[PDB]
């Protein structure tokens, strides 16, 4: 499926029959993710929901953006995509980069969101995180896929996970390094990383009344828990959940947990409790 949005082609996948009948779950990908990266979650996510997966600009099978852009064009992408598919409201679950989009999207179009689940998410790109991005880009500008791997992924996963499932890491390392060596992937990553520099929804938080459940990884070395602790206080109806011994990629480290929180929060009939 292709959403001819603006001048470019936007790739999206739909699991389940989309008619106005059912609740939609929209997945907002991380900066290194595509639609196929959520294949393991499709069956569980689309049993009582219509699952909407799509690749953002400069992602996966979607077209490129060779000009300077912030995360704004990704937010407008999400709105126009939903309007294209005739989706009035939807449950939004985003992670990392996608989690940043969801917060911006909840700040501009709250009437298109039922409930929201953000994982491994900051309210604003700190000077610390920005310099990390400059590190990723500078290494990507050399075209060294081996170097680019060894500086990104050990901080995506917790040290415990990387060590425990090291053979799993190595087998994936043999193919990720060639992927990280291609100028196609890297140039897309550079652009996607620069766009995240201007991420700032701090002054939008006290006005986002969208029911939110925040997932926090204790061993997240990219978006540390203190950033999630901040988010939960300034969001009015925010829920917080911490995942012990887990890195920035909670999706893979604890898939049963991730799904439980997402399906559980979206699946609740009532959210107000009479206790």
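Numbering follows the first chain given and starts at 1.
Colleague: Would you determine, from the values in the PDB entry, which of 19-27 and 259-267 has the greater average C-alpha temperature factor?
Modeller: Mean CA B-factor is higher for 19-27.
Colleague: Comparing average C-alpha B factors as deposited, tell me which of 215-223 and 231-239 sits higher.
Modeller: The stretch with the larger average C-alpha B-factor is 231-239.
Colleague: Could you check 76, 83, 200, 131 and tell me which one carries the biggest Cα B-factor in the deposited entry?
Modeller: Going by the entry's C-alpha B-factors, 83 comes out highest.
Colleague: Can you tell me which third, lowest, middle or highest, the CA B-factor of residue 56 falls into for its chain?
Modeller: Answer is middle: the recorded C-alpha B-factor places it there.
Colleague: Sorting the chain's CA B-factors, does residue 62 end up in the lowest, middle or highest third?
Modeller: Its C-alpha B-factor belongs to the middle third of this chain's values.
Colleague: Taking the chain's C-alpha temperature factors as the reference, tell me which third residue 37 falls into: lowest, middle or highest.
Modeller: For residue 37, whose C-alpha B-factor we compare with every modelled residue in the chain, the answer is the lowest third.
Colleague: By the record's CA B-factor, is residue 253 among the lowest, middle or highest third of residues in the chain?
Modeller: Its C-alpha B-factor belongs to the middle third of this chain's values.
Colleague: Lowest, middle or highest third: where is residue 244 by C-alpha B factor in its chain?
Modeller: Tercile = lowest for this residue's CA B-factor.
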